[PDB]
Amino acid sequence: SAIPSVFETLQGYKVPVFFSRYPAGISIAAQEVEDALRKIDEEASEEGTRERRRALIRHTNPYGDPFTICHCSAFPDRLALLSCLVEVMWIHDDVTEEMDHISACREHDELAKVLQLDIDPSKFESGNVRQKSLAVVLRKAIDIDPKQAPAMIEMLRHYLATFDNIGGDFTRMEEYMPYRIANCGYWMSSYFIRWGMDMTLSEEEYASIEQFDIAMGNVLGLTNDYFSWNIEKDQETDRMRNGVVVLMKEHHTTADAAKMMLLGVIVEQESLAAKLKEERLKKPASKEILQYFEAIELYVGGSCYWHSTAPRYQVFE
């Protein structure tokens, strides 16, 4: 293995609905990260709100926490920070998916104002609770790695500007799929996979695995679609984001037939990623390339594993 020994492997085969070819693990610092997440949940969502109730269900963990599983490759000190930072983004998602698109985009621009290299969390005392919590965690994530902080801030601003900026329905997979990689947060998550390992890829290194990265991004968000369809199908939204409804429209099929199609699409993207990795590895590969491969496979395989059994996608209104 090319990444530090910070995780224990999970036996996915013991879970009947876990279908991924990729491995799953769980961080050795799981308890400590769960504590940080429950604390930030208290502060970044208000009592009595829907987003507070969803945050609690999201960290009801019969098989493990989503972050300690999916980001198990991260150094423990970094894992607590990136988990709480993405957790604030996930609370924001639950808040803004329920808003009309225009109001939602204002809220994204509001939260984006926290994204400063010189962020002072006190200057957001009269803001909403997500601004307050994000500024505090972001402050720490800058201070832990100031060399990477500009890139992280650029990544976070690009996310809030683009992940939810299209309002329509989609009618073809070939247009939905590129957008859903952004919408599902993969460019943020995969950034933090590298950041949590205190490593980067060069421009040339990234370009050499970019098609692989896109296939994995496809697997990650479409697998969430597959598992979150039941809870999403009756959600009241002006912009459903789920491959099942896209395929229903593109091919004029029932929900059930479209969900079978989606699962096949996912499995073929897992195979495409595996082919693309095989081709890359016919040329010499740096240690950094090898550890991105290993960690992103644990991210995608762990995500499948956690989604398979997460109360979030089964316990709803």
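Residue numbers here begin at 1 and follow the sequence given.
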Ranked by mean Cα B-factor in the entry, 261-269 and 33-41, top stretch is 33-41
Compare the mean C-alpha B-factor of 294-302 with that of 8-16 as given in the PDB entry, and name the stretch with the higher value.
-> 8-16
Of the residues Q235, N218, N183, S189, the one carrying the largest Cα B-factor as recorded | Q235
Based on the PDB record, which member of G243, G196, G168, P178 exhibits the highest Cα temperature factor?
-> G168
Record-listed C-alpha B factor of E204: chain third | middle
Using the B-factors in the PDB entry, rank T68's C-alpha atom against the chain and give the third, lowest, middle or highest.
-> lowest
Relative to the other modelled residues of the same chain, rank the CA B-factor of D164 and answer lowest, middle or highest third.
-> lowest
Lowest, middle or highest third: where is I214 by Cα B-factor in its chain?
-> lowest
Among the chain's modelled residues, which third holds the C-alpha B-factor of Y226?
-> lowest
